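For reference, the structure discussed in these notes is given below.
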Amino acid sequence: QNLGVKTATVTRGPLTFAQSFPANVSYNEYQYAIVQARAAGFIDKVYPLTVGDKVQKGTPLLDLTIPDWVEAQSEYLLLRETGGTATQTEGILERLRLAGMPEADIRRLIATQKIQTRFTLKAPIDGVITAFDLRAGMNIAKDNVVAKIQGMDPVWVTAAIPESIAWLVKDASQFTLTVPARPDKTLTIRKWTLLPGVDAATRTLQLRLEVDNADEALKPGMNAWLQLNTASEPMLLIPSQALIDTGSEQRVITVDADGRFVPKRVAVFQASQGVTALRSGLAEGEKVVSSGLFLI
Amino acid sequence: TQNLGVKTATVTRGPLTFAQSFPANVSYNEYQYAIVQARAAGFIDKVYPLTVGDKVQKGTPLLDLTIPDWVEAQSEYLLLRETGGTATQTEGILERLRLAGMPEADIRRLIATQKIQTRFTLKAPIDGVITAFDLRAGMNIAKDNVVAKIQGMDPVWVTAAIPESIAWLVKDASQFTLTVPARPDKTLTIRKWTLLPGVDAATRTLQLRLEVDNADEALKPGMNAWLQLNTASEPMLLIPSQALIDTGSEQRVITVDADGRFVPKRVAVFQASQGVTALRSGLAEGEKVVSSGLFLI
Ligand SMILES: [Cu+]
Ligand SMILES: [Cu+]
Ligand SMILES: [Cu+]
Ligand SMILES: [Cu+]
């Protein structure tokens, strides 16, 4: 019975299991910007682009010219020269605006009077070109999409989850993303969410994470690990060190108000993270010796 | 919507059951280890036709032997029986011999025919199989030398690899389902279960020691064994899968008032398993829905 001993204590509570997981990265199918062709027309220009580039605000991409409107709008044009009640001209401007013509061009046909055709469609938001490439002069009708833009303000990782473990997960703090490529600063998480779709091969649920990406960083199909921390229904837990065995004999020490140490027989359950969880043997309150010293 | 050819499902509160197969090897108890040691300084005889592989059905004859020293004591009692001596002291010397290591059956046999007890033969303690037992002829043996050693076949130990995360979710023997490729059997009945402290460092694994009754004994320690484990889940809303419908964003089924009237009530799923699903927010607990239901618009 030395004196250079530390006193611990049985605490009630649960254990924390960790695990690392295969994370493939993805482009949010939500931060996409599509440009669609409201009317069936023809193309010219195109600009110098490939399928995967950067944009500033969208700015100008490929310009069209269309036949179907000029015929119709012209009748309007002479209707403004010859006698035509206000209501007449509006009807026409209405059938043209409905047929698809941008507002900015109509008001600037009524003001310049000079018939309109070459339209430049300035792309939305910032972002990264996805799809595209279609160029030169092609025949377009009815809204067909000619391009997209992918966002990188939110980014997507998806881990494979075993179903029971997946069911336990109910909070963002247990996740912990790490990435080989960019150690540097860590990578805050904005959202987590499970896709009830139960993979039939691996008994794996899809668990999606959204990622706070400002300065870019992550591309398609990089490499990332996702350590998570599960738990367990609470057990009487003690420091592993304060515990000892060797054979079939396993147990430790009890400290008293009247400081005298009496060995007590206990039976362990699990022991992860450096803390054991006892099946039976001790009571919640009892104190215990951690990293101490005694003499037989 | 008038004729009713339908089944009804009570919605309920409760957990879910996840099945999982696990690798199992078969093993012998370190506990059944029964060694046979010498009761004293003696010498050898016989050594029955036994190899290492052979199974001793019961405790049966391992060998014969004779013992010196021992002898001085037996005959001394023999003069006392003749020349009327202290019955108490004769029993004392017998207790000292029965203390040295003399079987009760042979001392009975001695008073019966009287013939001093010459050589006696030892018989194995436990049923099973010999694991080392080579000595033959007659050699010199002193103290507690292990002459022979045996392995038990009555209980058999099968170990599975467990994930410590899924570990504490075990709780009872009925979840385990034990199956071996070797044979479809009448009794793959497991008696006891327990966990070893050892964790698999590289990949987190507990070693789940199981113990299976093996009277028939047709289980070899090399065999392969598949363990269908079953896990559970914090109680959720429980609906039979057959009656849950979607293949798009639409996420619901039939809601019944019990008034015989059907209605589209929207729900959100959490997960599915083993033939039913659990709903992370959607319907009420007692609400009725319809599996097996069949009709149109
Ligand atoms: Cu127009
Ligand atoms: Cu426990
Ligand atoms: Cu004897
Ligand atoms: Cu749940």
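Listed in order, the protein sequences are those of chains A and B. All letters in the first sequence, in the order written, are residues 916 to 1211 by the numbering used here. All letters in the second sequence, in the order written, are residues 794 to 1090 by the numbering used here. Each residue gets a CB set at the ideal place from its N, CA and C atoms; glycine is no exception.
1. Report the residue ranges of all beta strand (DSSP E) runs contained in full by the region 882-931 of chain B; include only those spanning at least 3 residues, in chain order.
2. On the three-state DSSP scale, how would you describe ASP1052 of chain B?
3. Does the beta carbon of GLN1000 of chain B come closer than 7 Å to any beta carbon on chain A?
4. So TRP863 of chain B contacts chain A; which residues on that side make the cut at Cβ distance below 8 Å?
5. In chain order, what residues have a CB nearer than 7 Å to some heavy atom of ligand 2?
6. How would you write the range of the alpha helix (DSSP H) that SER868 of chain B sits in, first residue to last?
7. When the Cα of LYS1081 of chain B is compared with those of B:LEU1089, B:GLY1053, B:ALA925 and B:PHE926, which residue comes out closest?
8. For a test of the three-state rule: what should DSSP assign to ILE949 of chain A, helix, strand or coil?
9. Please give me, in chain order, every unbroken run of the beta strand (DSSP E) with length at least 3 that falls completely inside the region 932-965 of chain B.
10. Need the endpoints of the beta strand (DSSP E) that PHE957 of chain A sits in, please.
11. Taking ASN822 of chain B as part of the beta strand (DSSP E), name the residues at either end of that continuous run.
12. Against residue 1270 of chain A, what residues of chain B qualify as contacts under a CB-to-CB distance less than 9 Å, listed in chain order?
13. Looking at the secondary structure, which residues open and close the beta strand (DSSP E) in which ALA1065 of chain B lies?
14. I believe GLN825 of chain B touches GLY945 of chain B by the beta-carbon criterion, under 8 Å. Please report the beta-carbon distance rounded to the nearest angstrom.
15. Measure the beta-carbon distance from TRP1082 of chain A to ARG1123 of chain A and round it to whole angstroms, keeping in mind my assumption that it falls under 8 Å.
16. Give the interface partners of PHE913 of chain B over in chain A, defined as CB-CB distance under 9 Å, in chain order.
17. Apply the 10 Å Cβ neighbour rule to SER1026 of chain B and answer buried if 16 or more other Cβ atoms are within range, or exposed otherwise.
18. When the cut-off is 7 Å and only beta carbons count, does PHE815 of chain B lie next to chain A?
19. Cα separation between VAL1094 of chain A and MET1016 of chain A?
20. Closer than 7 Å, Cβ to any Cβ of chain B: which residues of the region 1129-1159 of chain A, in chain order?
21. For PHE1090 of chain A and chain B, any beta-carbon pair shorter than 7 Å?
22. Might you give, ordered along the chain, the residues of its own chain that have their beta carbon closer than 7 Å to the beta carbon of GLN1035 of chain B, omitting 5 neighbours on each side?
23. Classify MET1029 of chain B: buried if its beta carbon has 16 or more other beta carbons within 10 angstroms, exposed otherwise.
24. The beta strand (DSSP E) spanning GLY1112 of chain A covers which residue range?
25. Note down, in chain order, each residue of its chain lying with its Cβ closer than 8 Å to the Cβ of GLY835 of chain B, except the 5 sequence neighbours on either side.
26. Which word fits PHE1209 of chain A, buried or exposed, when buried means at least 16 other C-beta atoms lie within 10 angstroms of its C-beta?
27. Between which two residues does the beta strand (DSSP E) holding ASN796 of chain B run?
28. Can you tell which of B:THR1048, B:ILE1090 and B:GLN1044 has its C-alpha closest to the C-alpha of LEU1072 of chain B?
29. Please name the residue or residues paired with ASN1017 of chain B in a DSSP beta bridge.
30. Run through the DSSP bridge pairs and tell me what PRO975 of chain A is partnered with.
31. My guess is that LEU1092 of chain A and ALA1139 of chain A are in contact by the Cβ rule of under 8 Å, so how many angstroms apart are they, rounded?
32. Excluding five sequence neighbours on each side, which residues of the same chain lie with their C-beta closer than 8 Å to the C-beta of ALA1014 of chain A?
33. At what residues does the beta strand (DSSP E) containing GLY1196 of chain A begin and finish?
34. Under a criterion of Cβ closer than 5 Å to any non-hydrogen atom of ligand 3, which residues qualify, in chain order?
35. Would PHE836 of chain B pass as an interface residue toward chain A - the criterion being a Cβ-Cβ separation below 7 Å?
36. Taking contact to mean 3 or more Cβ pairs, one atom from each stretch, closer than 8 Å, check whether the region 1036-1044 of chain A and the region 1094-1104 of chain A are in contact.
Once the coordinates are examined:
1. 913-916 and 921-923
2. coil
3. no
4. Residues of chain A passing the Cβ test: none, with the nearest at roughly 35 Å.
5. A:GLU1148, A:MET1150, A:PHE1184, A:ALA1192, A:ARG1194 and B:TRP961
6. 863-875
7. B:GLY1053
8. coil
9. 939-944 and 948-955
10. 957-959
11. It is not in any beta strand (DSSP E) - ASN822 of chain B carries neither H nor E in the DSSP assignment.
12. Examination of residue 1270 of chain A is not possible in this model, given that chain A is present from 916 through 1211 alone.
13. 1064-1066
14. 3 Å
15. With 8 Å as the limit, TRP1082 of chain A and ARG1123 of chain A do not qualify as a contact, their Cβ atoms being about 16 Å apart.
16. Those within 9 Å of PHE913 of chain B in chain A number zero; the least Cβ separation is about 34 Å.
17. buried
18. no
19. 48 Å
20. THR1145, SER1147 and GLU1148
21. no
22. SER1084 and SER1085
23. buried
24. 1104-1113
25. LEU858, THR859, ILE860, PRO861, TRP863 and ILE934
26. exposed
27. First-last for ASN796 of chain B: undefined, no H or E at that position.
28. B:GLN1044
29. B:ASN818
30. A:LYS1037
31. 6 Å
32. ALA954, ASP983, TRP984 and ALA987
33. That residue, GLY1196 of chain A, is in no beta strand (DSSP E); it is neither H nor E in DSSP.
34. B:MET895 and B:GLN910
35. no
36. no
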